[PDB]
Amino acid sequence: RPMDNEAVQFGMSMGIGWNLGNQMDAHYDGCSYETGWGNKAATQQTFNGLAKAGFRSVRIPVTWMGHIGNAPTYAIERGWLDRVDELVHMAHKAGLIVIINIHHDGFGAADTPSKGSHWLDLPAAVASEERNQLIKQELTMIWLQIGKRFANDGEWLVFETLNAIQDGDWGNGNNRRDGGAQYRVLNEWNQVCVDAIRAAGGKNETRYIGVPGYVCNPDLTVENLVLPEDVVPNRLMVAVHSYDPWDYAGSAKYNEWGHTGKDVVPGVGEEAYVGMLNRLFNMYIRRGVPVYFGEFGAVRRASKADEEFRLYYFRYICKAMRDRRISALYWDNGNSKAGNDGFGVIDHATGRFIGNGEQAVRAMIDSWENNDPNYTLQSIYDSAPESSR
């Protein structure tokens, strides 16, 4: 029975995790900087607190742009790699499964503080096969070096090939009417990254590798993602993101969610989210291919009554994930404000809770971990909070 295989068990072993967001991914004027977006430097204590809270995994998005020497070698500045190495091993010290990647290098929108510097350019790769070739060489050289640095680190360290690749229009643009050209290239980049990771030798030969689809959208993934040919069986996982529905979870234009909410995104609640998880479960988990959410979340609310809807959202979706053998990592950017972009629940320097962050963390983790067979989507649903409208 493929859903009962070792790879899906490894997928589930990541449980509910946490992103060191706006940290090694932060960047401006063409260069990443750990503190560049207001977060202070991570410490062992950061990761200790994560393990203590019950997270099983941690994702350290890294933006490499600015620390890459010239072609043809694309040498990564050693200090930058040292710091990545160092963090990965702090996480290992705390008993966490660890994910690293190529992050804002691939940022595909126009709203960037590093305009002109995103070498990982999907429109430009589609535009010409020559520029597609340069990008592939750079992806190769970068993954070879990362692989070589971590050759003695085992399957507790996961590599995620790319982040959220796109053309600016978030999966509503030319990708829907170019005859699959954008999707074909992205699949080719994943292939090239997997090739390079495996060629790094050592424990990279049997390391789990996460591969995304277009803009990390679950549906565009199930429709167009082609899993790369691999040198070993059962060592690829599908990476997806979800902040659905965005205007509730991300922008906080609406502040309630689900069947008991009144201030809701219209017609988009419990059924839609589980439908999305079911398509992933039928496409991948049922076929022995693990899926994880590299990023999921909902921002913090100003009122206690709206916050209860946030906890409800977490309890419900995280249970639905558990039951579909899907693991997931919460997006934490360190920002303690409420509303738009207010994702911070754990301090990035100390690993202590920010504001009421503990309730959210407990909500997502406990719901996923719960092994009481009476605790179901029905019971969670029936205890949805009361609308304050």
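Start at 1 and count along the sequence shown; that's the residue number.
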item: Which of 361-369 and 20-28 has higher mean CA B factor, as the PDB entry lists it; value: 20-28
item: Per the entry, higher mean C-alpha B factor between 287-295 and 140-148; value: 140-148
item: Largest Cα B-factor, entry values, listed residues 126, 239, 98, 311; value: 126
item: Residue, from 114, 163, 260, 217, that the PDB entry assigns the highest Cα B-factor; value: 114
item: Within-chain third of residue 195 by Cα B-factor, per the entry; value: highest
item: Third of chain Cα B-factors occupied by residue 84; value: middle
item: Among modelled residues of the same chain, the CA temperature factor third for residue 348; value: middle
item: Cα B factor band for residue 319 (lowest, middle or highest third within the chain); value: lowest
item: Position of residue 59 among the chain's modelled residues by C-alpha B-factor, lowest, middle or highest third; value: lowest
